[PDB]
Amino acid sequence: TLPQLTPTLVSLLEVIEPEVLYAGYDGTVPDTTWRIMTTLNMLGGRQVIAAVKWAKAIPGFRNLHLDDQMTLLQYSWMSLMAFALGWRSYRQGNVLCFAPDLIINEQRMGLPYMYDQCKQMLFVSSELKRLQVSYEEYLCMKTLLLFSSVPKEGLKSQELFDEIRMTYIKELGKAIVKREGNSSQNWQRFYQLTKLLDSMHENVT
C-alpha cells in the first residue's frame, strides 16, 4: 500500500508538479509584440522539455511501450501546456499567465497581433473559473489529458494503457467527491469536467 506521506494517487501527482518556469522577460524596458513573442517562444521550448520530464514521472507512464509513450506526448504536448496555462491564469481577471514574469494583461493584449494570437487560449481559463475546479481535480484532469489523446487500439500495450487510464479516471472521481461531497450532482460535475477534457483535444489533427 501507498506510504502515509503520499497516501493517494493524486498526492503523487502533486509531488511531480514541476516548479514554474520564468520567461526571462525584462519588464524594465517597454513592451513590443516582437519582444513578447521572441521570449514566449524560448519559454515554450523549455516548457516542452519540462512536460516530457513530467510525463515520464507519472506513475504507470514508464510501463507503457516506449512507442506508446512517444505517441501520447506527440498527440497531447501542446494541449497539456495550454491546460497548465489556463490553470495558472485562473489562479491570478482575463489574463494569460504564461510565466510569473510574463503576464498578458488587457493592455498587452492590445499590442498588435497579440489578441488574435492569444484569443483561443482564453477559453481554458474561463471554463476553469466557470467550474471552480480544485487543485486536485486539475491534477487528475491534466494526467488524463495525456492519457485520452490516442485510442487504446492505436497503441501497443492496449490492455495496460486501459488499466492505467481507468485508475486515473477513478482518482478524478475521488477528487470530485472530496471537493463537493457525495450528491446527485457528482455525475454532472464528472460530465462537465470530462467534456472540458474533450475540448482540449479538438483541432489536434
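Position 1 is the first residue in the sequence shown; the rest follow in order.
Undergrad: Are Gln92 and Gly93 truly consecutive in the deposited sequence, or are residues between them missing coordinates? Give the number as none, 1 to 3, 4 to 9, or 10 or more.
TA: Per the deposited record, the segment joining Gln92 and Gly93 lacks coordinates for 1 to 3 residues.
Undergrad: Averaging CA B factors per stretch from the PDB record, which one is higher: 151-159 or 42-50?
TA: Looking at the record's C-alpha B-factors, the answer is 151-159.
Undergrad: For the higher mean C-alpha B factor in the entry, choose 22-30 or 166-174.
TA: Result of the comparison: 22-30.
Undergrad: So where's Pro100 on the chain's Cα temperature factor ranking, which third?
TA: Within its chain, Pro100 is a highest-third residue by C-alpha B-factor, going by the deposited values.
Undergrad: Which third of the chain holds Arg62 when residues are ordered by C-alpha B factor: lowest, middle or highest?
TA: Ranked within chain, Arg62 CA B lands in the middle tercile.
Undergrad: What third of the chain, by the recorded C-alpha B-factor, contains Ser76?
TA: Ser76: CA B-factor falls in the lowest third of its chain.
Undergrad: Can you tell me whether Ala84 has a C-alpha B-factor in the lowest, middle or highest third compared with the other modelled residues of the same chain?
TA: Tercile = lowest for this residue's CA B-factor.
Undergrad: Quick check on the deposited entry: does the C-alpha B-factor of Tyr113 sit in the lowest, middle or highest third of its chain?
TA: Ranked within chain, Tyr113 CA B lands in the middle tercile.
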